[PDB]
């Protein structure tokens, strides 16, 4: 029938039925729940070296069309019918189909709306879709990315956009961006072992170096794009510096914060995910929104496996960093997340705080149930990395599940890539 979920903070309740249309791909069983695995194969869509069998594609193609037309306020039977018929015929002779513009626009938004780990989904209906499905070379890919980057940065007043590259055909002619994000910092392996910059990008930074990129050994060096057109070997392109907007970190109270000399790019763009829609697979679809303080001030800067700066910021504040009991870490993280939120506003760049963020999610979630009796959500990913229960999401029971369209993970390209040269 349906499972009920409650909100212990508000007392509000929802009846989720949408979950019945989910895809039986999760790994949890009545014996054990595996909801805390970060990158599960269950949420990953691997590579193929052979087209998707037309037969298997047909059921899915029909399913999407149905959903597409099932979405209209006022039905359009003829078109709906005609399309089901029209698409059945195309897959028969062609062995695959093409999405109309409106369909691609619809698919990218629903896929976003169907993103369990995203808290910004309130915007799910405001997305700029760049149709680059006719692209054919690495250089083009680059120029499209630059166009996307310019539109989204919008001089600081950031906007959500996505550029969809050619869909997967036989799986051997994949168009993919190798970096995890369009804009991200290098990570250098020093001669003494220590890492320089963002330790999370060592593997990728080395690949650029091996491919001819010149290392500068900086703390905040912008990695070049490692593009792959038509399954060819990846080529390097460097995003033009003026296109990459950054923000310098400063605390409104602590005069010394700027001496730490930190900064960060303003545009957060996921570049390596795979868009799945009606049986089609677009391994090339970089998208973006705007930042949420916590992502930078807590994760990027304070994760031990990253810039790990809590130590120093504790020293500067002169807190008793010798004993945890004093909660110096908690105090520091706060000042660090206030710096990011302040700095960004001071430079007039769009950013959001976890409070406002969590708050808009609730309105969104309430609408999702009021519209389709469902909203797939992954608690572990939605609740902010600090002040967790201060935000209303921490008290929201939720169900996680995969739908369609959907944004899947992909296996690192350099792990499965056979080098032609």
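Positions refer to the first chain, counted from 1.
A.B. asks: Per the entry, where is the mean C-alpha temperature factor higher: 142-150 or 74-82?
C.D. replies: Comparing averages over the C-alpha atoms only gives 74-82.
A.B. asks: Per the record, averaged over C-alpha atoms, which has the higher B-factor: 25-33 or 375-383?
C.D. replies: Comparing 375-383 with 25-33, the higher mean C-alpha B-factor belongs to 25-33.
A.B. asks: Quiz for you: based on the deposited Cα B-factor, which of 280, 87, 118, 158 is highest?
C.D. replies: Each of 280, 87, 118, 158 was compared by C-alpha B-factor; the highest is 87.
A.B. asks: Out of 134, 167, 294, 343, which one has a C-alpha B factor higher than all the others in the entry?
C.D. replies: Of the candidates given, the C-alpha B-factor peaks at 134.
A.B. asks: What third of its chain, lowest, middle or highest, does the C-alpha temperature factor of residue 300 fall into?
C.D. replies: Tercile = lowest for this residue's CA B-factor.
A.B. asks: Give the position of residue 362 by CA B-factor within its chain, expressed as the lowest, middle or highest third.
C.D. replies: Answer is lowest: the recorded C-alpha B-factor places it there.
A.B. asks: Split the chain's modelled residues into thirds by Cα B-factor; is residue 231 in the lowest, middle or highest one?
C.D. replies: Ranked within chain, residue 231 CA B lands in the middle tercile.
A.B. asks: Ordered by C-alpha B-factor within the chain, which third holds residue 46? Give me lowest, middle or highest, please.
C.D. replies: It falls in the bottom third of the chain.
A.B. asks: Ranked by Cα temperature factor within the chain, is residue 411 in the lowest third, the middle third or the highest third?
C.D. replies: Middle third of the chain for residue 411's C-alpha B-factor.
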